[PDB]
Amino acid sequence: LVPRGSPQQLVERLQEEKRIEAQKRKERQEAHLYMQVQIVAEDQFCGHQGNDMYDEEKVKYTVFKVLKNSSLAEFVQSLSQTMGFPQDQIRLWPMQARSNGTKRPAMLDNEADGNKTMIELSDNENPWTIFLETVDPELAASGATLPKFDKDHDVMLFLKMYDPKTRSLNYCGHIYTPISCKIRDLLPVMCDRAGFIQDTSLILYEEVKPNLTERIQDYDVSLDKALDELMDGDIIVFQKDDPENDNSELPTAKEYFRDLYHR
């Protein structure tokens, strides 16, 4: 339709048009001073049937145009207001590319490295991908802050459940676990998240990279001794130790990832 309105409304519409025009022109010229920040939430992790946290093409990001010389605290504060979550309920884990070609979340001190600029933390990476960790909507409502994480002794291990009967991977979230903690002690948490009976026999693997799924033969050892080069973002793939799996197309997780690699 043709434009209609009072002189008050016409001037206001013209003032708003020039305001956007001036803001867009400044953004076009100051383009070199800004960097794109891609935020990926844990809901993009469930449903993924391949290697790593998500498929680089299927994943949905919340992109933020951040100035390069802005501090980490400046970004967290702006992210907290836009997402609708308090600062104590959120934590940032930047997606860092490993030497083997895998993209996993890395540890970042949201308190000590707060003074550091967004450009130095990203290492001149444009766009920069960060995993936003949030407390469950049920737990976050009951005034519960994000659990305490020790950068020197605690690690963030991601859990995946493989079902040979349905040829599928089922995301079982992440866990804050100390390095000294034994693999045997992590078994009830795996049975809990997968929806299995207490003390169910499991076969454990480490998703190192596509085609490499190494089996954890001993559960009586700590996380550091069982997983080589133990870091934040390491994946543990578990499945039932049942004779029903033998009749299936891909009885093990190791055979599943090998089939996925040669697709």
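Residues carry their position along the shown sequence, with the first being 1.
Quiz item: On average, are the C-alpha B-factors higher in 124-132 or in 83-91?
Solution: So the stretch with the higher mean C-alpha B-factor is 83-91.
Quiz item: When the C-alpha temperature factors are averaged for each of 68-76 and 168-176, which stretch ends up with the higher value in the entry?
Solution: Of 168-176 and 68-76, the stretch with the higher C-alpha B-factor average is 68-76.
Exercise. Would you mind finding, among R104, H153, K160, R193, the residue with the largest C-alpha temperature factor in the entry?
Key: Spelled out: the listed residue with the top C-alpha B-factor is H153.
Quiz item: Checking the entry, which one of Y54, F238, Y219, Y61 has the top C-alpha B factor?
Solution: In this record, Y219 carries the highest C-alpha B-factor of the candidates.
Practice problem: Give the position of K225 by CA B-factor within its chain, expressed as the lowest, middle or highest third. | Solution: Ranked within chain, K225 CA B lands in the highest tercile.
Quiz item: Mind checking which third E244 falls in for C-alpha B-factor across the chain?
Solution: As the PDB entry reports it, the C-alpha B-factor of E244 lands in the highest third of its chain.
Self-check item: Modelled-residue ranking by C-alpha temperature factor, third containing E12
Solution: Ranked within chain, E12 CA B lands in the highest tercile.
Quiz prompt | Chain-relative CA temperature factor third for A97 | solution = Answer is lowest: the recorded C-alpha B-factor places it there.
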